[PDB]
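Working notes for the structure below.
No Cβ is skipped: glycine too gets one built from the backbone with ideal geometry, and neighbour counts run over all protein chains shown. Values quoted throughout were computed directly from the atomic coordinates according to the rules given, and no laboratory measurement underlies them.
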Amino acid sequence: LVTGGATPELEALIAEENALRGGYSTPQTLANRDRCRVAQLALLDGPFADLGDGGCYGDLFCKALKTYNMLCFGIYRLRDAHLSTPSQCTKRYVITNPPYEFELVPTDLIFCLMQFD
Amino acid sequence: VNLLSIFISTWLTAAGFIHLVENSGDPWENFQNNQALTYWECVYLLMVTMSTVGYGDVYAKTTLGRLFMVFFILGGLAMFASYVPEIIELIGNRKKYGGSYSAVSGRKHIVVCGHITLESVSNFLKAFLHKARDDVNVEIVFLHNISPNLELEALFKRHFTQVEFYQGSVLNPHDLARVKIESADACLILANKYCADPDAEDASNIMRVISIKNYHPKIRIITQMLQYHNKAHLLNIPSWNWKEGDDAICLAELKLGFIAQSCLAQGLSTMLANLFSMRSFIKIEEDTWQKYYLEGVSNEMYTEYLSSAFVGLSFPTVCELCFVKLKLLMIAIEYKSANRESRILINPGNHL
Amino acid sequence: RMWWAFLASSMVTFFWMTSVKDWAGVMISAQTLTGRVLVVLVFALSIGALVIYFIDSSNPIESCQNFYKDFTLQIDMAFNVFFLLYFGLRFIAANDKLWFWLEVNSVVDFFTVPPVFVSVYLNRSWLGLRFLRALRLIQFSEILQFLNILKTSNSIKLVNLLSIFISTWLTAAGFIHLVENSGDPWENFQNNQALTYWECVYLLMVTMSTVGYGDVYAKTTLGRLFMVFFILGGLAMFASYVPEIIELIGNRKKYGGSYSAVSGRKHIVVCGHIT
Amino acid sequence: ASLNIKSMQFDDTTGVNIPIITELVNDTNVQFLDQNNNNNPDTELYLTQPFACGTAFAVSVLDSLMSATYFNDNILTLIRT
C-alpha cells in the first residue's frame, strides 16, 4: 500500500546494482502502470456533489464502485463540521470505514483507491 | 572444605582446652575449684558462646577457664573479622541472570534479541503487551549480553508475569539453547534506530539472523532493519523463507512510505496506524469530533478466505455484495497464478 | 513408649497409562480451576491439621486417644484421609516418580499420615512428627497469587520470606518440643523436661536473635544437639539467603517524592541546567 | 561477503562453486559458511565442513602454532619457509 507496489523482482534488480536503471517501454512494462492509487476526492463540483447534501455514505460507495471502480474506505471530515456555529478551523479528522447509514456534508473528502486511466 | 575443616578443628581444640581446664582445678586453689564437664558439653558451650547466645546453663567457673574463655572470645572475633570478608564475599557471589528458561507446556513463548534498552523494550512492550489485547498467551524472553540498569530492571519487574530476561549472546549456541529457541514460536530482533553507522548495525542484525537460522532453520524470524538495501543480504540465507513467515520490517522504508502516502492523501498514516494498532474501548456521548473518530478507530484489519459462492465473480461485485449484505469492506485480494507467485492486488478492476 | 512402631511405619512409607497420568495432571495443576481449588483446599486442611496438632500437643505425647474417645482424633483421621488421597492421586501423574518421591511435601505426607493411621488403629496416639504440616504454608504465597490479591513481585517475595520464616520457626519449635517432652533413649526416657510448645517457640525466638536469656533452655542431649544444629542451620541460611533478597528490598529512591504544598507560602520551580 | 558471493548466479552456473577462502576471527563463526543442514551445531572447529575443505582460515591456529613453537622450535622454522 505505501511503497507504490514495489515488487520483489524490482528489489532483486536494485540489489544487483544498488541503482535504478531505465528501460525502453514495452507492452508488458506499459501494462504495469494499471494499479490503484490512493487519492482524496472532494464533493463540491463532481458527479458525487449531489451525494454530499445529506446523502448516505453507502450510496456514494456503491455508485463510485459501480461506475468508476473507486474504493471509498474513509471520510476526511472538517473538525468543526458538526458545530452549528461557523468556524475558521480548516483542520480535518479521519473516520475510517463509516457504516451505511452515515450522513455526509458537502465539505467532506473521500479516501479512495483510483484505477489507472 | 578448608573453611569447614579449620572451623571444626578450632571448635574441637577449644572444646578440648575448656574440658581440660574445667575438669582440673586452679593450682593455687589446691585443685579444689573444679567442675565436671563432659567433652560434648564443652562443645555445646563453645558453640553457644561463639554464636553470642550465652544461655548461661553451662559456663566456666575456674579462673583459668574464664581466662581461656575470654581469650577464645577475643581470638574468635579477631579471626572472624580478619577472615570472613575475603573468603565469604568471594563465595557469596551468584550470577543474577545466568539461569535457563523453563518451557511450560501449553504456553507459547517468543524470544526477543538485538538492541535491548529502556526505550526499545518499553516501546515493544507497549505495542505487544497491550491491555486491550485479549488472547495473548505468549511469554516474552529477552536475551541480551548487557545486564539491565535500574530502570530496565524495574520495567521487567512490572511485567514479571509475562516477561523474562537472560544475560547471553544470541550468537552463542549455548545461550541459544538456554532460552529454548527450539520451542520458541518466533524470534524478534530489535535494532537501534539512533546510531552513527546504520549499515554496521544492520550487518549485526543479519549476523544474528544467520546464527539463529544456523541453530534451528525452521524458526520464524521477524527482524527490524534500518536501511532498504541491506534487506538484500537476507535473501542470501537459504533458511530465510519469507513465504513461511520470515519478515524484515524496514523502518525507513515503511516510515517514508507512510509519509509519502500522507503527502498524496493527508490523514492516511493515521488511518493505517489505527488499523493494525489495538485500542482500548472508550465511550464518548457528547456530540464532538472524538465521538465520530472513535467509531472509525473501532475497526481493524483481517484476512479471510473467500467463500466458494464468490468464485467466478469480478472483484467489484464481490466487494459491493460484501459491503451491502455482510457489512464488510474488502480492499485487496491475493491473486495466485501459474506464471508468477502470489501477488497482492488492491482494488482490482472489473477485468479480474 | 511405642515411638518405634510409628517411626518404623513412617520410615517404611518413606522408601493408556500416560493418558491417566495426563488426566490426573489436568486437575492437579493451576491451569484448571479444579487444581486451584484443590491447592486452596489442601492448604486450608493443612492449617486445620496444624491447629489440631496444637490442641493435641497441649496433651502428653504418650496418650491413649481412642477412636471414639476424642472427636479431634476423628477430624484428624479425615484430614489424613484427604491428604492420602491427594498425594496418591499426585503420584501417578509424576513424569519422574523418583523425584516426586523425594520432595518435601511427599516426605511430610509419609511422616504424618501413616503414623495417624497406626495411632487410630491401635487406639493409642503418639504426638509425633505431625508438626511437619507447617511446611505446607510456603504455598500460601502462591495461593495469594491465585486469588489475584498479590500483584507486585516485591510483595510476593516478602510474603514468601515471611512464610518460609514462619514455617521454619514452627517446624524447629516442633522438633524441640517433641525431643524435650520425651527423653534420651540411652537414658531410658528418664531425663525429660515438661515444656509446652509455646515455650519452645519462645525459646527458639530467643535463640535465633542471639539474645539467649537462659530461663528456658535445652536440657536433654538430643535437645542440645538439635539446638546446636538449629543454630548452624539458621546462621548458614541467614548468611546465604538474606544478602540477595534483603539488599534487594532495602532500596528506596532518594528524591522520588512529591512536593507538599504549604499554605501561606509561595514557591517557584527552577529547572534547566542544574549543577 | 562470503554469502553474497555464494548466492550469485552467472550466465553460461552459480556461485556456490566459486573457490573462496575467508578469514574468520571466531571459531564459532566458521560454521556459518556451511549452508548445509548440520545436525550438530556443537562440532569442533576442525570437524566443520568449511575448515576441512580449506574454505575458511581460522586465525586461532596461530595460537596453536605458538604452542608448537614452544614445544619444538624447528617446526616454526619449517612453516615460515
| request: Apply the Debye scattering formula to segment C:191-253, with a single equal point scatterer on each alpha-carbon and no solvent, then give log10 I(q)/I(0) at q = 0.16, 0.18 Å⁻¹. | output: -0.63, -0.73
| message | Can you compute log10 of I(q)/I(0) for chain C with the Debye formula, treating each Cα as one identical point scatterer, at q = 0.11, 0.14, 0.16, 0.17 Å⁻¹? | response | -0.77, -1.14, -1.39, -1.49
| How big is the gap, in Å, between the Cα center of segment C:99-173 and the Cα center of segment C:179-199? | 25
| query | Once every DSSP H run of n ≥ 4 in chain C is given -39500 (n - 2.57) and the sum is divided by its residues, what mean residue ellipticity at 222 nm do you get, rounded to the nearest 500 deg cm²/dmol? | reply | -21000 deg cm²/dmol
| query | Nearest 0.05, what FRET efficiency do B:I346 and B:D135 give at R0 = 35 Å with Cβ-Cβ as r? | reply | 0.75
| query | Across chain B, where is the longest run that never hits chymotrypsin sites (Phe, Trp or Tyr not before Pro) in a DSSP loop with at most 12 other C-beta atoms within 10 Å? | reply | B:32-193
| said: As a footprinting exposure proxy, order D:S60, B:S9, B:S308, B:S204 by other Cβ within 10 Å, with the fewest listed first. | reply: B:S308, B:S9, D:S60, B:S204
| field | Charge dipole of the protein assembly as shown about the Cα centre (unit charges at C-beta), most positive-ward option of B:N350, D:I21, B:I237 | value | B:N350
| request: Can you grab the distance from the C-alpha centre of segment B:31-83 to the C-alpha centre of segment A:10-62, Å, no decimals? | output: 96
| query | What FRET efficiency do you get for C:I92 and C:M205 if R0 is 35 Å and r is their Cβ-Cβ distance, rounded to the nearest 0.05? | reply | 0.25
| remark: Among trypsin sites (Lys or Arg not before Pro) in segment B:129-192, those in a DSSP loop whose Cβ has at most 16 other Cβ atoms within 10 Å are B:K131, B:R133, B:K180
| In segment A:22-106, which chymotrypsin sites (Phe, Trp or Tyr not before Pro) are in a loop and have at most 13 other Cβ atoms within 10 Å, using DSSP for the loop call? | A:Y24, A:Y100
| query | Cα atoms only, the protein assembly as shown: Rg and Dmax in Å? | reply | 39.1, 131
| request: Grab the beta carbon distance between B:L275 and C:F67, set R0 = 51 Å, and tell me the FRET efficiency rounded to 0.05. | output: 0.10
| Relative to the longest principal axis of chain A, what angle (0 to 90°, nearest 10) does the C-alpha long axis of helix A:8-17 take? | 50
| message | Rounded to the nearest angstrom and ordered from largest down, what semi-axes does the equivalent ellipsoid of segment B:1-85 get from its C-alpha gyration tensor (root of 5λ)? | response | 25, 13, 12
| field | Fraction of the pair-distance distribution of chain B above 31 Å, Cα-Cα pairs, percent | value | 60
| remark: For segment C:50-155, the Cα-Cα pair-distance distribution in 10 Å bins from 0, as whole percents, is 13, 38, 29, 16, 4, 0
| query | Between segment B:270-287 and segment C:81-98, how many Å separate their Cα centres? | reply | 51
| request: Pull up all non-local amide H partners of D:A56: gap of 5 or more, or a different chain, and H-to-H distance under 5 Å with H placed in the peptide plane. | output: D:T22
| task | For every helix of n ≥ 4 consecutive DSSP H residues, a contribution of -39,500 (n - 2.57) applies; sum these over chain D, divide by its total residues, and give [θ] at 222 nm rounded to the nearest 500 deg cm²/dmol. | result | -8500 deg cm²/dmol
| field | Helix-only mean residue ellipticity at 222 nm for chain B, each DSSP H run of n ≥ 4 adding -39500 (n - 2.57), per residue, nearest 500 | value | -13000 deg cm²/dmol
| Full-extension gain in nm, B:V70 to B:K108, via 0.36 nm per residue minus C-alpha separation | 7.3 nm
| message | If I fit a long axis through the Cα atoms of helix B:39-50 and take the longest principal axis of the Cα atoms of chain B, what angle between them do I get, 0 to 90°, rounded to 10? | response | 60
| query | Mind listing which trypsin sites (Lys or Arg not before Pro) in segment C:73-124 are in a DSSP loop and have 16 or fewer other Cβ atoms within 10 Å? | reply | C:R124
| query | Per the Kirkwood definition applied to all pairs of different Cα atoms, how many angstroms is the hydrodynamic radius of chain A? | reply | 16.9
